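Letters are used for the chains, namely A, B, C, D, E, F, G and H, taken in the order the chains are written, and counting of residues starts over at 1 for each.
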Amino acid sequence: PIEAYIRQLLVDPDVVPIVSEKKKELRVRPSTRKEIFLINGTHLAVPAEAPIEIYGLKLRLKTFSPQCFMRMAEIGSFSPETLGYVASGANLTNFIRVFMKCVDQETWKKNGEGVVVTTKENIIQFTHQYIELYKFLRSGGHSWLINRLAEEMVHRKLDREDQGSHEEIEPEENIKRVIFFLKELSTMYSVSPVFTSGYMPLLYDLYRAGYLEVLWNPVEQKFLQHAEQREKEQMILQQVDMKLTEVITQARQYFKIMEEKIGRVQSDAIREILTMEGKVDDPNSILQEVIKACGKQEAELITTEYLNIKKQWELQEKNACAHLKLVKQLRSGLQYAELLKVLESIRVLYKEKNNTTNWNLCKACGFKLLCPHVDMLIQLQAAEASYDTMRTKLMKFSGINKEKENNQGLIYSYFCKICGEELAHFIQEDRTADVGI
Amino acid sequence: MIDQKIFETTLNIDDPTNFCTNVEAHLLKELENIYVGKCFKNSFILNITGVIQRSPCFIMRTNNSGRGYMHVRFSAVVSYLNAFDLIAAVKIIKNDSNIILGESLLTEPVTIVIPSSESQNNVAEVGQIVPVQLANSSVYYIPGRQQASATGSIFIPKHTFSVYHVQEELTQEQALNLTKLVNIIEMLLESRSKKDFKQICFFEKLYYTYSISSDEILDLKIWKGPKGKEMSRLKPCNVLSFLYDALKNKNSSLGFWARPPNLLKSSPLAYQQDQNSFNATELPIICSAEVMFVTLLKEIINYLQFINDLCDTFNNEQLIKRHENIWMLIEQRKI
Amino acid sequence: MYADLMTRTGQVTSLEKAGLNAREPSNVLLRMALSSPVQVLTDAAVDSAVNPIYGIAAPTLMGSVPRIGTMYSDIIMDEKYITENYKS
Amino acid sequence: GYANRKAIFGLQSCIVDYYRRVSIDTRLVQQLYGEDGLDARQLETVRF
Amino acid sequence: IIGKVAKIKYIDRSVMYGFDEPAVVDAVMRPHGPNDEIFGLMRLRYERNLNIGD
Amino acid sequence: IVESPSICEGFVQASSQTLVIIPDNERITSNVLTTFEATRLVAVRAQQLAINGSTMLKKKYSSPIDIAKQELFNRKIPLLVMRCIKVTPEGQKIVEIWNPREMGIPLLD
Amino acid sequence: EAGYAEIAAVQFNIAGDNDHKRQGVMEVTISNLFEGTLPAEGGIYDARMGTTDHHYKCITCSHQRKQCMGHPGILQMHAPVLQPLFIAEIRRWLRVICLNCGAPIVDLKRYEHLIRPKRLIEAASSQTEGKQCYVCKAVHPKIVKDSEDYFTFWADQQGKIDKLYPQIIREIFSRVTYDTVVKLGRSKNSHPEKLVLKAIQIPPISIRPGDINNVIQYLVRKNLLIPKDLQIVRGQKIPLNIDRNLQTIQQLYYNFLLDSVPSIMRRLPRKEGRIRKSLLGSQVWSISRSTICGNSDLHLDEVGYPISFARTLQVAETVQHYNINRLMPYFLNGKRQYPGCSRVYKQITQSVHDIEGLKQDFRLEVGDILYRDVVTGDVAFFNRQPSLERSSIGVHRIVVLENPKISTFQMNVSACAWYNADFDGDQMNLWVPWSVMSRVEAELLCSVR
Amino acid sequence: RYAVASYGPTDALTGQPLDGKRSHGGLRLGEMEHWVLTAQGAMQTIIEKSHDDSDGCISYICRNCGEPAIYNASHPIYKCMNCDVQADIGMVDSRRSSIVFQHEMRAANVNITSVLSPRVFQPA
């Protein structure tokens, strides 16, 4: 614990450089490069380690601006030591200038302000004052004070910019009748009248409506009738399209249930006869299945079972069970250690351990709860599973096999056979571990 | 401590239409969901007091999601833990052959890393709770954590002290600033006064630097505690009323100030002299009255909070007598 | 547009690397894309060049999109209109 | 292609601002686009 | 069209027919290369008429 | 003597800005939406409708694009156009706030 | 928790030892590549610097291959190495400062009136050989560039020749004060000390998937040969093996960065470079190309588009209460009829579902995204290269050709004037927008009208 | 003729599709096509094609120091290895080719600090 190493760790900051003379008794070496002064006043530097004699020391009183402290407080994530350092520099506080002023006398002079000490024991006093200065800057004190004053000054600034700081009348008769026309047309066309002084949005509305003749020709009534007519055909076509599409939807539902009940062969044959009839997607496939290939009752049950599935889907829409929200918190990622316990809280609602081939069902309500591959995927995600170790393990849940050679669309991803969810994707093997050691 | 702070952030609004229906309510709810209970910007946020300024709900420009964002400048009550601070409730969680981890049960969620190389903390029991003294190191505030990382050790009262040479006194503003500190002192002191004296004096006597076998009920009409040793003919001076009169400007604060081990630390009294009669092994620290006043008041705050937390946690005789091997180690190191 | 760009500095600049360096010395990313990224990058580092993000090449080289056309004017949510008119 | 690419990389920074000026991020290239502020697609040939 | 697996249990380095228009396998043979080793040679034939865009 | 770098210099985070809204009577920009601004408004509204779907349009359409277009045309779109005029060195950001419910729509339908 | 932000400015600086030490996430200590099927920790392939496989995750960000951008490493060189890009800059700093005291030799005030970019260049351009230093009394030798390589420097003091090793160069540059740097024009961030590296930065794995790895491995292996406690002082004789080892290390680093400018900087310049092929250009999905054809029955704003291509490209429709009835017939057709759909995105599972593996649902849930087939009336971007005018990319209304034997993009002959196209064998691109934002702007802005 | 998919084979380095029909990759929207789309003002189309359909990703940049950060919503990581205590991470919409481009310049001893757009607040 000699003085030399204390002076050595004094060297670390950009403050307190060294004046060096070849004829003295002090001898310390720096830890890094240091920019130093000399007698005769030459500004030089020294490398990381080099024997340098100490004539004396100078702590510079760097003068910052309050704007720098305000900028750091705007950042608001600085250690109290740095904030206090700058505040003392920016004349906002009076700590460094107090712990210093151990000057023996003004025995040396340069540009910047600072405390100068060139002796044998007052340098020890300087070192003690510097160490105690940063001890105060690091301690519990000066941390309440600087943080509080920074918060107060930021709040006062917000008050400065917050608390201390912050026409048409009547149109013309021509535009009066034009705005009357627009008011009457508003309930008839996608136009809303405004009252701007420049008349310009009105001009764009009239131009867009394809009828600017109101301005000079008093023939607005024929355009009003034209707009009423056009709205009428628009509504008629819209309703016709809605009826057509609901008919198409019901017919496709009927044919899908036919496919799921009586098989692909009979369903595709009935599609063939309907295709060479121009009546596909029309519920006369009911009559076709009645008088063809089976009895009327086997189609009556199809209709009733369609209505049953519709009722079941409506009931599922009406569902407000607890499990549903839980599933959402299982599908948000969000801190694996929490989704693991979410899965724990969900798995208590299973019924028959539902290993494979079908959905898990909720005992509380009765509808589907969670596909098993989702459970396995959550377990692997919480179990530090790599993508390859996750893609291969979720292969017993692989979707439809070579049963379908292809659907004319090239796919690079596997899907779950239980629900259809995408398990993973495979394009090419990585083959980068082939170069080993 | 527990103090106010101001933060700036940017929030992502998934559905701007629903969000804009009640902007203030949604903003407070989202800020509480995101930032409450986590470490961010060298602090641990406890509560979101409010939003001072905010930006219009912009629409994100660099993607086709139609999602929104908002710049929020909000004021929040947070906790910053300093060095050499007292925590009187630290439950030991991990005591292995490598390292010791304890958890605090106070309003400053902090994990304590106690080095298992000192005879005080080498032998303990998992599940035991113990007061902990923080080392002279900054408390780590890793962003996104639920706790503050800081090293510490079991608090053994020390035998040393410091002497402050004050040569410049206060002004009016520099005393109105310390008015907040004396307000904290009086609040903690009322908290002390609203509680029974038996465990107060037990803890204060047990954490006295020397051995207090005699019983005394020393009173100041504002602070109550057991009396200990004196220093010859020197009579303490109450720093609270001292600072009050200094604000009234009918007293001079210049001279030597000291807080010796024999002195009643949690009391608002300390020693002042015109010349050092103290047999201190450390050189006097040349300074003004700001630094000495703030340090002494912070020390009084720390010790008052320490005693209050000790009495809050240990309610009956079972709690105090369960950990009596820590307390035995405490008596084993007093003069 | 050609003449006004080439003569905006008081001298007839060119549509080559030398001309771009005169009109837009601080737009390194645009200058990197044009002719020789290595030469421009080396000079930018030693000069401590600060490159504001504008135009097309600078936002494009950084992975963003230029603030042009539909992106020129940003859109903010009408807070006052929604509160009285819409519901949560 | 050699001339087209060099022309674009010099000219692309010119963008019409809210004053119908042509500028480079702060710096005016034209006080008014085309000295008339009009679009090339919206011009009519008219005799005086 | 060509099955090929590398023994590590096995990894599948198969060859798949990635063309929209269907082909017909015209000739399959297993010659020996310059290194005296088997490689697979397959000839796929396409029945091409004149269609729009030719 | 120009000395070693300090903490006052070397900041990377730019200082925050204060949004200065030009008063309505002191605005210079046009009272007519450009095709770019109208297209951006319609696209943003259509995407938000695809997200939320809550609209006050009295008519019924089966596409977010059509609903957004009719909302813009019927002056019922819950959006504003902020035209950034200038960013001042002292920190202010002078902008212009325009309401598309009282500007001329350049689109056609 | 991470808010939305945009890049406003970019600052360019020289990366020193401290920058590499901070930004690096690990220190390379071994030359081994893989410990079995996992990368060896401490090697150049370590997973802390990122991942490029599906067999492991990145240790740093805990992301998969797609979401990990890579993180840099640190390799502590046994001997200092010069920065390949800024070698010339080093030469400048060797011609202005004294090699024994560091003080400037030329008068700084003689270059005050110049602009700071050119101060150092026009100060080092003048001859400085033989000038006598004002503070240490030393004669400045001439700094001659070795003609056989791009980095070696020799000092000639009137016939006395010395080789300036990078450690000597560091010891010379570290003695230079920031006042000299500032008054010579260069910023504080461009101090010459940063021009000599002892801890080089290992680029992240995302930059070198899978030759560059070979160069890095060679550099590490040959760096391990150099003694860790090697010290170099000016005027000291060096064993020839160590000299050639240092030569090999520096040449390997230079070829790693500037090999005849495989190197990092070779990826940038030309047309197939990083900037012009990956940044200014792009490879995209959901796009089609075919030979164009004449069709006089199509409108000028319509394009004939084959049904086979219509069933490949998809349009993303978000399910809501207004389009539940219209989108439903698309759902029920699947991939077995036209028009149908191929893929559904669910908000409930936040995942992607097939249409052939999912047939147990009566209808769709509100909020789902349906990827339906392209139908007649959809808008599409239609492009011919080269794109010289801004009408070269236009939006046409799609007319789907039900004939399975048609494979061409048919358009009206009067629409060729937009693209400068003809039917002698030209091919034109076509991509159908699927995003709502891009689909709106195609109809309003990019329409060929 | 060619028409590929919404997804397929991907370049290892840039994260972009492969080249041409032969590799079952995508087709090129080259330099001249971004000029035309910018001239037309089609910016949301550029986002859809050059980002959503090619290599668009999310880049995390620290505000306090401008260096790339590390964020992960699951397995919470919120850190920055240049400041490490005062990190203020903000997400920016970027593309993988740009991140690769920036890393290559940092590999050449060139420091790349990104100055994020400053926060803007109302004066109320």
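Some notes on this structure:
The rule is simple: a residue touches a chain if its C-beta (ideal position, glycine included) is under 8 Å from a C-beta of that chain, and two chains touch if they have at least 3 such contacts.
In this assembly, E is the chain whose CA centroid lies farthest from the centroid of chain F. More C-beta pairs in contact connect the chains of C-D than those of the other pair, out of B-F and C-D. We define each chain's centre as the mean of its Cα atoms; on that basis chain C and chain H are separated by 17 Å.
With each centre defined as the average position of its C-alpha atoms, the distance from chain D to chain E rounds to 57 Å. Separation between the centroids of chain D and chain F, computed from CA atoms only, is 24 Å. We define each chain's centre as the mean of its Cα atoms; on that basis chain C and chain G are separated by 19 Å. Shared interface positions of chain C, defined as residues touching 2 or more other chains, are 33, 41, 44-45, 52, 56-57, 60-62, 64-65, 68-72, 74-78, 82, 86-87. Contact with two or more other chains is made by residues 8-10, 16-18, 20, 41-42, 53, 55-56, 59-62, 64, 66, 73, 144 of chain B. Contact with two or more other chains is made by residues 35, 43, 74-75, 77-79, 161-162, 409-410, 413 of chain A. Against chain H, in their complex, chain F makes its touches with residues 12-20, 35-36, 39-40, 43, 93. Put simply, chain C touches chain D in their complex at residues 1-2, 4-5, 8, 15-16, 19-20, 23-24, 27, 30, 33-34, 52, 54-57, 68, 72. Touching chain A in their complex are the following residues of chain B: 1, 3-8, 41-42, 52-53, 73, 75, 80, 82-85, 136, 138, 168, 177, 180-181, 283, 285-288, 290-291, 294-295, 298-299, 302. The touching residues of chain C, when paired with chain H in their complex, are 41, 44-45, 56, 60-66, 68-71.
Against chain C, the residues of chain D that register as touching in their complex are 6-7, 9-15, 22, 24-25, 27-30.
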